[PDB]
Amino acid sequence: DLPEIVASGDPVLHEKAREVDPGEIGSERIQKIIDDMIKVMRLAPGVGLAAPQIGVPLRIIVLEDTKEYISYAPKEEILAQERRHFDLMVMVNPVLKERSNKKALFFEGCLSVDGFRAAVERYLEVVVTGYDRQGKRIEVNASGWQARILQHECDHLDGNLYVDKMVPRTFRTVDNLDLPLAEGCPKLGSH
């Protein structure tokens, strides 16, 4: 039977999650959770999902950008965002940190806050250490849309949601997403 995605308000989403004990990473209990996450993330079509997003107070994140997800989207868009597909990925106790201060500005969404989008700023290049699905210890280096997902997803693990990181007055309805930015709003894009 499957767990649902929790929405804002639910304390689990706005509280620091506990590090999963390496070694228990291989645990069936945990491997289950990881599978659940992966599934849900794919279920309601998404590219990221943190344990807390399903009631699990653990530091576990799953991510993936399939060329089919990207398939459907403005070529010029996909370009500017620097979005590229990347095989499913799982990280327990990830520890993220920017590889450089270059940043970018685009809209984000979260399955815990649907119907809405907001332009938030993220680091363009980042590096995340931590363990992989098998309790093995990995160092993933990324940039572009993948770096954003990592940041987004890792924040979830600290109780932070994009809404408390968005630029003023860019917040909007999924539907009005393509509407013009209000004057005084930074323009989208990189450096």
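Numbers for residues come from their place in the sequence shown, where the first is 1.
In this crystal structure, the stretch out of 39 to 47 and 162 to 170 whose C-alpha atoms carry the higher mean B factor is 39 to 47. Of the two stretches examined, 67 to 75 and 91 to 99, the record assigns the greater average C-alpha temperature factor to 67 to 75. The deposited CA B-factor of residue 110 belongs to the middle third of values across its chain.
Among the modelled residues of its chain, residue 122 has a C-alpha B-factor that falls in the middle third according to the deposited record. Annotation for residue 182: CA B-factor lies in the middle third of the chain's modelled residues. The entry lists a Cα temperature factor for residue 55 that places it in the lowest third of the chain's modelled residues. The deposited CA B-factor of residue 15 belongs to the lowest third of values across its chain.
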